[PDB]
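Next come the chains, spelled out residue by residue.
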Amino acid sequence: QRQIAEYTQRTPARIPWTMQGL
Amino acid sequence: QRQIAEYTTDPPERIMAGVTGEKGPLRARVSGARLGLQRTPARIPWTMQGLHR
Amino acid sequence: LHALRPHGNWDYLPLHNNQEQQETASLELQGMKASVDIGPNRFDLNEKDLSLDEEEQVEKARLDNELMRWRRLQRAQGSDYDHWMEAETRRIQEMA
Amino acid sequence: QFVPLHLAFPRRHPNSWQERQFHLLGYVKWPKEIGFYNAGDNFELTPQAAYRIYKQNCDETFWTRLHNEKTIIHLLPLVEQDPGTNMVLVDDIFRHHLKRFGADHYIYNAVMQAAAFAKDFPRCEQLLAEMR
Amino acid sequence: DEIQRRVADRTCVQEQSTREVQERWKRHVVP
Amino acid sequence: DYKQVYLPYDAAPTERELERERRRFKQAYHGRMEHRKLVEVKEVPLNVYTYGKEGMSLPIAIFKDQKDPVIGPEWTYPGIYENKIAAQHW
Amino acid sequence: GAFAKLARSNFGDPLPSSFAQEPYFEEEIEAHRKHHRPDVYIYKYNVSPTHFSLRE
Amino acid sequence: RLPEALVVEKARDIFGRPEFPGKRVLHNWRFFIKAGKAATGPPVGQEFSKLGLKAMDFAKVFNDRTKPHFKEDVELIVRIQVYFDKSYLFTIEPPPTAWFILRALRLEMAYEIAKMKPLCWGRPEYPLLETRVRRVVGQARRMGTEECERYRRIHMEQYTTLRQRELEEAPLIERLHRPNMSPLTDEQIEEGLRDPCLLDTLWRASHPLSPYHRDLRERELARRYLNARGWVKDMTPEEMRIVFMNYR
Amino acid sequence: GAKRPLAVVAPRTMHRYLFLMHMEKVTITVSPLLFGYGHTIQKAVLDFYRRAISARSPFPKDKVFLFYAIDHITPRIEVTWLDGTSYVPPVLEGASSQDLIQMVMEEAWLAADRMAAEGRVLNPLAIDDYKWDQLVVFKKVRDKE
């Protein structure tokens, strides 16, 4: 009674453009 | 049953459960149980006796 | 050779100074230089990437065992009392 | 070249040195009922002593599914010899395993092999179906 | 106890939950 | 050159005050320890009240359209009142 | 000989390698078996379709 | 504290950090080149001849970038990083503090100068200038009341709250480069994941003997020091330092 | 599904680099959340990914894929061959990047044997620009000692 009273996923990495664009 | 398995099993055991070595099972899986250390074969070679920091 | 020198076409690239200055340089122009055009971009290429054959592996293990036994034999060669006392007092001064 | 550096024969240790090194390494001479060194000089634990240490250390923090598996392994020949009374011990081990760790490939395969030795193919089929 | 202390100190990458659940079951079953 | 954009005060100073401030700033100490010797400072500006406090344009621009940035009050700059005490030769 | 024939040159390298002062080699198994060995165990012995061994 | 908006935009454009590929670097040149001048001799051309690359291709883009909308006769730093693929990345940087002090001499001046030298133009706030103005005045020295008593504490409070806000808002890249004792947010996680150099900083933080691992090691050593010479378990390092300084 | 029995003895080679010619694709899922828990494992997996990017291939950037998993148990490496078989090299503590490379290359040789036995044709290994880049450091070390 007293207690109630007190109570109330998988993302791919981004390669840099200097490496992926060529 | 499933919840008790997940609550008792640790990441290392649940990783090494399905792993198998070249000489057979993993040494960790084989020696995880030791009813007294007198029963251990001590199959570590002299090149592997060493232990890094 | 002066006619077909490297980068000799830059005089003809821009047909006019105004048209050349109209273009605005960006950091992409700097970044594009770091990318090799013909070959693929690779992270690292060092001596550790050199694969070894069976004979090379056996020879390397033999050289390592030779180095081990050489260190062991030098522990006794340098154990001449003079050099041994030298190393002993050096270690004493190091720890002190 | 002809002067040998090392020598495997003749031996370089008398009989007393065997006992000396055995007591130096830290091993203890246990009675035969607990365990002994077999023909291959490997330490072998009696199934009775295995079940005893199981009953005594099943509650401690260092007990493991692999320890239960090894206990069933040690009980296997006694189970083969007498499938009537030793299956009770195996079932007790499985009950404690379900209480502590639960369902596991280790314990299920161990009890499957135990039933296979005890000549219970219906029980083996039941265990496989339970796994599935 | 010795081997678990050594392996914990030398690994240093683990989770205390697995070590705690076993000692809790011990506290619940033994005394 | 230094370019006086605005005056930081409203009362023009006098020659006697300017000279006394210059003579007072002409001497300064070097280091903070037992080996402390009094030295004379060189290249003292003719004005002290309007040298590096407020109302000047420092020629530190890097850019075409970047004008010589103006000099603000003492208090618009953070940490400075504690720097005047802690940024010494300890 | 094959490499020398491809390179169109004779090779006379002497004493290429001695075995060892104590040659030792452990047992080697099939290419697929040495990496796909299952953990099949019986009473106290690892049992593979080609090998036996002691387990603990 | 912050420069003019147009000056900041212009600085962000000129002093940019292109996405580095992360290859094994060969070396790093720190050269001093002016805006309207093309260096192709001993300072830069000799190095490019030693390396085998063409200095003309670099001088062309440099003169195309730094020459317009810049004041004439302004010494600018250039950091060039060369990789194992014989490829270089050059980044422009404002004049050195020595040149700035020389131009100023022919705290207000010092702060206005230090306004031009942040560590990253992507965030001109971090780091706070009042920390680097100390080094600026130190280099200047190496070369050659009622309002103050309240402004000191006002500035102390502002510095402390801004340092706390920076410690809280440290991004994922800064978190991986240097550890942080504040909870990490999923928003900052995604912000760091969008960055391409995440993999490179991750590898550099995973490799041992790194600054990140050194900070972790010194944290562990401080923990062991507390566990060994602590009066009580729940002892804070501040009170431990107080005990040390008061007990000698 | 093969017409001939498989090989018995495998070639012995210290595999230092990857060879993605007989390999369709690789997906390395790694967790960038915390590294004080996997300093060894994270470093090993990251350096393995780096070597896979720098591996021997015409365009390894098209075959290598990296996946950040914000909430992951342990870094995984899935390899799919030309046939489509899925293999998982287990990663444990103490395993090095060279160890992972050797595992993957041994399994790749086994899979290539399987393809050749099933009847699938495979592009053979020959002299490539990667081989020239490797002879570069070969010349370097032979001039060193």
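The deposited coordinates derive from cryo-EM, with the record listing a resolution of 3.9 Å.

If you check the PDB entry, chain G appears there as mL98 from Trypanosoma brucei brucei. The PDB lists this entry under the title "State A of the Trypanosoma brucei mitoribosomal large subunit assembly intermediate".

Per the PDB entry, the recorded name for chain C is SpoU_methylase domain-containing protein, and the organism is Trypanosoma brucei brucei.

**Here we look at the interface of chain F and chain H**
On the chain H side, the residues contacting the 32 residues of chain F number 41 residues. Summed over both sides, the interface between chain F and chain H buries roughly 3,300 Å², with carbon and sulfur atoms accounting for 62% of that surface. Run the count over chain F and chain H and you get 2 salt bridges. Residue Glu82 of chain F is joined to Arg152 of chain H by a salt bridge in which the shortest nitrogen-to-oxygen separation is 3.7 Å.

**Section: the sheet that holds strand β4 (residues 86-87) of chain I**
On the basis of which strands lie adjacent, the open sheet formed by 5 strands has the order β1(A)-β2(I)-β1(I)-β3(I)-β4(I) and mixed pairing. A single partner strand is all that each edge strand has here, and the edge strands are β1 (11-12) of chain A together with β4 of chain I. Bridge analysis of strand β1 (residues 23-30) of chain I against strand β3 (residues 76-81) of chain I gives 6 bridges, and the strand direction is antiparallel. Note on β3 of chain I: the bridge partner recorded for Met23 of chain I is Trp81 of chain I. The sheet contacts of helix α2 (residues 97-118) of chain I involve β1, β3 and β4 of chain I, and relative to β3 of chain I the element is tilted by about 25 degrees.

**Observations concerning the nonpolar core**
By size, the foremost hydrophobic cluster in this structure holds 44 residues, and its most contacted members are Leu18, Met23, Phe48, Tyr68 and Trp81 of chain I. Counting only elements with at least two residues in this core, the list comes to α8 (172-177) and α10 (198-206) of chain H together with β1, α1 (39-53), β2 (64-68), β3 and α2 of chain I. Examining the composition of this core, we find that 9 residues originate from one element, α2 of chain I, more than from any other. Beyond its immediate sequence surroundings of up to four residues, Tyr68 of chain I is in contact with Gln9, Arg10, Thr11 and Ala13 of chain A, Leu193, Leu198, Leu199 and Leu202 of chain H together with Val30 and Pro32 of chain I.

**Observations concerning the pairing of strand β2 (residues 75-83) of chain H**
Residue and element names in this part refer to chain H. The buried fraction of β2 is high, at 8 of 9 residues. Sheet analysis places strand β1 (residues 25-34) next to β2, joined by 9 bridges and oriented antiparallel. If you follow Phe32 over to β2, its bridge partner there is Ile77. As defined by bridge partners, β2 adjoins strand β3 (residues 88-93) across 6 bridges and the pair is classed as antiparallel. When the bridges of β3 are listed, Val78 appears paired with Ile92.

**Structural notes on the sheet that holds β2 of chain H**
All names here are of chain H. With antiparallel pairing, 3 strands are arranged side by side in an open sheet as β1-β2-β3. Strand pairing shows two members of the sheet lacking a second neighbour, β1 and β3, which therefore form its edges. Adjacent strand axes in the sheet meet at a mean angle of 20 degrees, parallel and antiparallel pairs treated alike.

**Re a nonpolar patch on the surface**
Taken together, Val13 of chain E together with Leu33, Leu34 and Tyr37 of chain I make up a surface patch of nonpolar side chains, about 350 Å² in accessible area. Along the chain, the position of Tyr37 of chain I falls in the loop between β1 and α1.

**Points about the pattern of salt bridges**
Working definition: two side chains of opposite charge can pair if their charged atoms are close together. Under the counting rule described, the total for this entry stands at 34 salt bridges over all chains. The shortest N-O distance in the salt bridge between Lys53 of chain F and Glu74 of chain F comes to 2.7 Å. Of this pair, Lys53 of chain F sits in the loop between β2 (37-40) and α2 (80-86) while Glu74 of chain F sits in the loop between β2 and α2, and the two are 21 residues apart along the sequence. Given a relative accessible area of 39%, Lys53 of chain F falls into the partly exposed group. The closest approach of N and O atoms between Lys23 of chain H and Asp85 of chain H, which form a salt bridge, is 3.4 Å. With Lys23 of chain H in the loop between α1 (5-14) and β1 and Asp85 of chain H in the loop between β2 and β3, the pair connects residues that are 62 residues apart, well separated along the chain. Look at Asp85 of chain H and you get partly exposed, because its relative accessible area is 22%.

**Digging into the side chain of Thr18 of chain E**
Relative to the helices and strands, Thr18 of chain E resides in helix α2 (residues 16-29). Using a relative accessible area of 17% as the deciding quantity, one classes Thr18 of chain E as buried. Aside from chain neighbours lying at most four places away, what touches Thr18 of chain E is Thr8 and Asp10 of chain B.

**Considerations on unusual backbone geometry**
Each neighbour pair has its own omega, and for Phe9 of chain D with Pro10 of chain D the value is 0 degrees, a cis peptide bond. With respect to the secondary-structure elements, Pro10 of chain D resides in the segment before α1 (15-25). The residue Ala42 of chain B is not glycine, and still its phi comes out positive at about 60 degrees. Structurally, the position occupied by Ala42 of chain B is in the segment after α3 (27-31). What makes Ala42 of chain B exposed here is its relative accessible area of 59%.

What counts, and where the lines are drawn
Residues numbered from 1 in each chain as written, not as in the entry; some residues may be left out. Chains lettered and ligands numbered in written order. Part of a larger assembly, values for the part shown. Heavy atoms only, no water. Residues with missing side-chain atoms left out of burial classes, pairs and counts. Contact = heavy atoms within 4.5 Å. Buried area = accessible area lost by both parts, 1.4 Å probe. Salt bridge = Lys/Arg side-chain N within 4 Å of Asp/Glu carboxyl O. Pairing = 2+ DSSP bridges. Helix = DSSP H or I, 4+ residues; strand = E, 2+ residues; numbered from the N terminus. Axes fitted to C-alpha atoms, helices over the stretch in contact; angles between N-to-C directions. Core = buried A, V, L, I, M, F, W, Y, C linked by side-chain atoms within 4.5 Å. Buried < 20%, exposed > 50% of the residue type's maximum accessible area, 1.4 Å probe, protein only. Patch = residues over 30% accessible without salt bridge, like charges linked within 9 Å, V, L, I, M, F, W, Y side chains within 5 Å. Areas by Shrake-Rupley, 256 points an atom, 1.4 Å probe, with all protein chains shown as cover.

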